[PDB]
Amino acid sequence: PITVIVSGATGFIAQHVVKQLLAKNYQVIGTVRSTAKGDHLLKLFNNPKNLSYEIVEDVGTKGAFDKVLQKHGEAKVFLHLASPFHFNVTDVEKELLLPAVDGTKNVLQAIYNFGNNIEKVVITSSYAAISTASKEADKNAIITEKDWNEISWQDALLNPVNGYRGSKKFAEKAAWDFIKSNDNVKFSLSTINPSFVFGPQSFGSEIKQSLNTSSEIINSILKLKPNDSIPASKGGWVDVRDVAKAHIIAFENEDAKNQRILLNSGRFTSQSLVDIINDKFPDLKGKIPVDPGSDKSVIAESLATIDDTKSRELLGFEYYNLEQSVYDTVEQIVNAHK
């Protein structure tokens, strides 16, 4: 017996976290937006005895997790995954910022009140909350877990990218500020800060033409045409399966108490992804562009070093690499259209 609450459980990472949690025989209560969502989640796993679901139509509102904490006082672990990953933002602070910040409070306020036997808590943040624009481009720099993105609130408002990056920064700020501004904090907080999350969905069932994931970075490649220009993008990446695992080690492991945990397997550009696909998918070579080896040089010259040694030590397992992650992503999308 050992109960774990996971919010927004139909999400890309969360669904992996759920699979792995269930495989280690935890009891899992996931929250979902709708009744439809919930019943779909249970059917995907063929209704195990150790998996239930509660409905939180909006994780951000005041008291959003009030009923479930009171109805499930046996739980000890809270994994928070839900956050608007995109919208069509007409106003950053209304649509995006203040939700992330005043919403993260209305999760922790809910737990400080009614999460009585809750001991370990894990929030999913981002590498975008760690790295600053100027630093991330410094080839000579070394960004670690202590680094904070120094973006202003006024800067977060300029556009939706600054918006999203700002939401991550100010929301995780709020989460530590909470455990410092309250007295008998009965739980400990760990945080998972990934770069771009690649990898397959938990179930090939769920594949749609455009994946509501950062694996749309990859998918966008497959919608290119041979004579098309390759859209520039780059940064760190990590596999959804290692990210999900990290969330579990975050409360299983005691050294994880009060830790920011950087999740990053390596670095990519779009050339990296093209190369890997053309190389390993013969039924696609000649149906998308080229220019091989660009990445190596671009990465060496235009990106800092992510030093996540302290994170990779704490976690202690080995990561998927780019070839395998990209492969599993694409192999899954191919074998879904038919």
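Residue numbers here begin at 1 and follow the sequence given.
Enquirer: Quick one: say whether 313 to 321 or 10 to 18 has the higher mean Cα B-factor in the deposited entry.
Expert: On average, C-alpha B-factors are higher across 313 to 321.
Enquirer: Comparing 63 to 71 with 36 to 44, which stretch shows the greater average C-alpha B-factor in the deposited entry?
Expert: Comparing 63 to 71 with 36 to 44, the higher mean C-alpha B-factor belongs to 63 to 71.
Enquirer: Compare the CA B factors listed in the entry for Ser195, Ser134, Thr213, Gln201 and report the winner.
Expert: The record points to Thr213.
Enquirer: Check the PDB entry and point out which of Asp147, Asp242, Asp155, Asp102 has the largest C-alpha temperature factor.
Expert: Largest recorded C-alpha B-factor: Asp102.
Enquirer: Among the modelled residues of its chain, does the C-alpha B-factor of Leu284 lie in the lowest, middle or highest third?
Expert: Highest third, going by the recorded CA B-factors of the chain.
Enquirer: Splitting the chain's C-alpha B-factors into thirds, which one does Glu172 fall into?
Expert: It belongs to the lowest third of the chain when residues are ordered by C-alpha B-factor.
Enquirer: Place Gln27 in the lowest, middle or highest third of its chain's C-alpha B-factors, as listed in the PDB entry.
Expert: As the PDB entry reports it, the C-alpha B-factor of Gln27 lands in the highest third of its chain.
Enquirer: Which third, lowest, middle or highest, does the C-alpha temperature factor of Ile55 belong to within its own chain?
Expert: CA B-factor rank for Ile55: middle third.
Enquirer: According to the PDB entry, is the CA B factor of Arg165 in the bottom, middle or top third of its chain, that is, lowest, middle or highest?
Expert: Middle third, going by the recorded CA B-factors of the chain.
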